[PDB]
Amino acid sequence: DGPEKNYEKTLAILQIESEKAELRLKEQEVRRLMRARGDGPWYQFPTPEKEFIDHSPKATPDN
Amino acid sequence: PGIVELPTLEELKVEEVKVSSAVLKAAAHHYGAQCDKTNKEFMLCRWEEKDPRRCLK
Numbered sequence: 081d082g083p084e085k086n087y088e089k090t091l092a093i094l095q096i097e098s099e100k101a102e103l104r105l106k107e108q109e110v111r112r113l114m115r116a117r118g119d120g121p122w123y124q125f126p127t128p129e130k131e132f133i134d135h136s137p138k139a140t141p142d143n
Numbered sequence: 001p002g003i004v005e006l007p008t009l010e011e012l013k014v015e016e017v018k019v020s021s022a023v024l025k026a027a028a029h030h031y032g033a034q035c036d037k038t039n040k041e042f043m044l045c046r047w048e049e050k051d052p053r054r055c056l057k
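Chains h and X, in that order, are what the protein sequence lines are. Numbered by the entry's author numbering, the letters in the first sequence go through residues 81 to 143 in order. Numbered by the entry's author numbering, the letters in the second sequence go through residues 1 to 57 in order.
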């Protein structure tokens with residue numbers, strides 16, 4: 081075919097690999113930050129549910 | 001933390017009923033029939049304001 085085809089195929093391969101590299105570095109940083117201070121979707125450790133709390137008036141008034 | 005604020009003996013000073021439980025049970029139904037409005041107001045403020053110091057009056 082010619083040298084320009086291999087040249088531009090190599091350019092596309094290098095672009096894909098560099099994008100994968102920076103994405104992997106960013107996801108390392110995202111996971112480290114989110115595990116350090118969980119404030120997004122990931123690393124959300126559980127918590128007891130408020131829906132199973134009785135809110136009706138009870139026998140003891142001081143509740 | 002903060003100092004708990006609770007009323008004094010002068011604020012808690014009221015002459016009570018020196019009435020036995022059998023006497024209270026004998027008069028219980030008519031007491032719940034006649035004196036129900038003040039009793040319901042006190043019970044309402046007790047379950048609304050959980051602090052007993054807000055219902056001394």
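Where a beta carbon is used, it is the ideal one built from N, C-alpha and C, also for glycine.
- h:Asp142 reaches chain X at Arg46, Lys50, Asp51 and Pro52, counting residues in chain order whose Cβ is nearer than 9 Å.
- Among the residues of the stretch 108-137 of chain h, those with a Cβ less than 7 Å away from any Cβ of chain X are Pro137, in the order of the chain.
- In this structure, the CA atom of h:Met114 is about 40 Å from the CA atom of X:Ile3.
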